[PDB]
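The form deposited without this ligand is given below as one chain in structure tokens.
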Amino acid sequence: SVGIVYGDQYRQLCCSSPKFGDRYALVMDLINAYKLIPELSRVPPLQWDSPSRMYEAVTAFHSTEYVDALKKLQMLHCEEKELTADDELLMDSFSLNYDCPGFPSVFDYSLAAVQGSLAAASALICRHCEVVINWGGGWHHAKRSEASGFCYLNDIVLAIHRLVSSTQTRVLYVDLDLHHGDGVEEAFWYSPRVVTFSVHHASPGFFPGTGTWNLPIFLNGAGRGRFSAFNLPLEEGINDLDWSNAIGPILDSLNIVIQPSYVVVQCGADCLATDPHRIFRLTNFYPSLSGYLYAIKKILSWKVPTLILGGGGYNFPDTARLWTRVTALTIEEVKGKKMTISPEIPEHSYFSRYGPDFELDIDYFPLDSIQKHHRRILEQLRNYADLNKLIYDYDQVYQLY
């Protein structure tokens, strides 16, 4: 089946942060309004037998002292008085500040995404589902002992760790967010079994700053993980077609060479033309074909067990519009059953948020650099396969580009 993570408590926690507000409710309620929920298997978030088991899972990646600090931050924000100077210094030491502030539910909110994405990986491993979706997950910036970019716990890293250890097992991670997937890339920098690939904007001063030239050179992993971290940085303004042609051949070549056992996809919606970032010009159109739907369709055509996660996306109704179409397309590709979605938003709880026109399309009217990157990336893929003693014909792959 196609699985999707939701639940009453899960919904409440995912809607409890100051930055993402009620976005998750819009997404799941638009999916429901389009009558997709009967087609999907509900995957319940993971819960644990004890505090010690919870810590054992989360500290598979994060440090005990960082988890302690994040939980203390929640407790301090549930009291009336301000932080002490010593507690401020403590939170500063883990970057629990500025763009990663405290709020009354910060630990439960962050933990919930881990619970959902771990539960999703388990549903793939036991073969209950062929694909699982978690629109509450996808927080790719968090590090072992550091919050970053409103990411406090890295649910992606923990989900991937569960997949690679279920065994040889290899995972391909594809990061479609506007931003570089630095936290996931870093966690697996020395690991050849998890190949990471992020496409993103990069430019001087733009967050988080990595995933680009370091004549400077491209770092790409280390140790036995050399050549296992891939990046495609793109200039602002790119449309659906140029973005699709940029990543399409890379995706096909990665699958041919790596032969992954699982694929994990981060589908942050901040590349939409209507995102307040206003950097890329992608759409959710489905006849121009949305770069997002082009990529998901290609990935799903591989017939490899796949985890689809959320991420960025700061125009909440347009993020719901996109993720509803990704959800419908996943059902259609996996089940071979046609999903017909009306071009008009159906009546439901949040109908008023899709004014003034109430349509499913977003409200938008629409290379020598990329050829150079393709040559660079093809040579890196060759070096990866040589180092890891992997089989493949340079011809079938070269001709993809």
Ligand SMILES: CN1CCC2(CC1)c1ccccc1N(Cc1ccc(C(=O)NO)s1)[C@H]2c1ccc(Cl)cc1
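Numbering starts at 1 and runs along the sequence shown.
When the other compared entries with both flanking residues are checked, residue 216 is unmodelled in at least a third. Coverage remark for residue 367: absent from the model in at least one third of the other entries compared whose chains are built on both sides.
According to the entry, the deposited sequence places 4 to 9 unmodelled residues between residue 214 and residue 215.
Gap between residue 301 and residue 302: none; every deposited residue in this span has coordinates. Relative to its counterpart among 77 to 85 and 237 to 245, 77 to 85 has the higher mean temperature factor, C-alpha atoms as listed in the PDB entry. Relative to one another, 55 to 63 and 347 to 355 have unequal mean CA B-factors, and 347 to 355 is the one with the higher figure.
When the C-alpha B-factors of 258, 199, 184, 265 are read from the PDB record, the largest value belongs to 258. Listed residues 39, 29, 68, 363 were ranked by CA B-factor as deposited; 363 comes out on top. Among the modelled residues of its chain, residue 387 has a C-alpha B-factor that falls in the highest third according to the deposited record.
The deposited CA B-factor of residue 164 belongs to the highest third of values across its chain.
When the modelled residues of the chain are ordered by their C-alpha B factor, residue 378 lands in the highest third.
Among the modelled residues of its chain, residue 180 has a C-alpha B-factor that falls in the lowest third, as given in the PDB entry. In the PDB entry, residue 2 places in the middle third of its chain by CA B-factor.
Only in words, not in the display: the form solved in complex with this ligand, which the text now covers.
With the partner left out here, this ligand still marks one of 158 to 166, 237 to 245, 69 to 77, 181 to 189 in the entry with it bound; by a 4.5 Å heavy atom cut-off that stretch is 181 to 189. Put simply, residue 125 is far from this ligand in the entry with it bound: not one heavy atom of it is within 4.5 Å.
The closest non-hydrogen atom of residue 219 lies within 4.5 Å of this ligand in the entry with it bound. Within this chain, residue 211 lines the site of this ligand in the entry with it bound, having a heavy atom no more than 4.5 Å away. Contact check for residue 284: every heavy atom lies farther than 4.5 Å from this ligand in the entry with it bound. This chain lacks the partner; the member of 319, 231, 290, 134 within 4.5 angstroms of this ligand in the entry with it bound by a non-hydrogen atom is 231.
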